[PDB]
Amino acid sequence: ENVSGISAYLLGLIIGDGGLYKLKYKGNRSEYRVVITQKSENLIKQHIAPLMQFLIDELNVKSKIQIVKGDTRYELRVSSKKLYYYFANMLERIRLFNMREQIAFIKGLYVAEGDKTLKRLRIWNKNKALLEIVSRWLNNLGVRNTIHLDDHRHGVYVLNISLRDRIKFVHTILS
């Protein structure tokens, strides 16, 4: 119940700023990766990491939270077939999220992909379907919004949250 909320949030960080990777190496080795990337050293070590750790403990995943420093970004990485299938199986069921999970996921996605100036309230992604699902969630939460193709260079869509519901959006989802 409370793992599901933290799970939906992390999944928001993952879909937005990360990935679920099933790799086949030379040969025939394999690896399963759960990844969140972020520029802010602080956000990843003091906020995201401890949340991933709770989840890991709670699932008895005996893998380690790895934090790899790259030049443009920090990468939080858990190398684990179990955690991989945990998030992937949850992603499969995204349409069945309850309110707690919807809210947590949107918060995760916004932290990852959102307009963080909060001047406007916007979310970016190539995945129109994902944005459509979030859009319905926002509507049933009283947050009006529209989706259109924003960047023709890269087929990136944007979900714009109406400034008319700025407050309902900011306190319900982001807080």
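Under this definition, the rigid core comprises the largest set of C-alpha atoms superposing within 1.5 Å between the forms. All residue numbers are counted from 1 along the displayed sequence.
Comparing the two stretches 22 to 30 and 53 to 61 by root mean square C-alpha distance in 6 other deposited structures of this protein, with all structures fitted on the core, the more displaced one is 22 to 30. Remark: when the other structures in 6 other deposited structures of this protein are fitted onto this one via the rigid core, 113 to 121 deviates more than the alternative among 113 to 121 and 132 to 140, judged by RMS CA distance. On average the C-alpha atoms of 39 to 47 have higher B-factors than those of the other stretch, with 127 to 135 and 39 to 47 being the two compared. On average the C-alpha atoms of 163 to 171 have higher B-factors than those of the other stretch, with 147 to 155 and 163 to 171 being the two compared. Annotation for residue 65: CA B-factor lies in the highest third of the chain's modelled residues.
Split the chain's modelled residues into thirds by C-alpha temperature factor. Residue 74 is in the highest one.
Per the deposited record, the Cα B-factor of residue 141 falls in the highest third when ranked against the other modelled residues of its chain. Ranked by Cα temperature factor within the chain, residue 109 sits in the lowest third according to the deposited record. Ranked within its chain, residue 55 lands in the middle third, by CA B factor from the PDB record.
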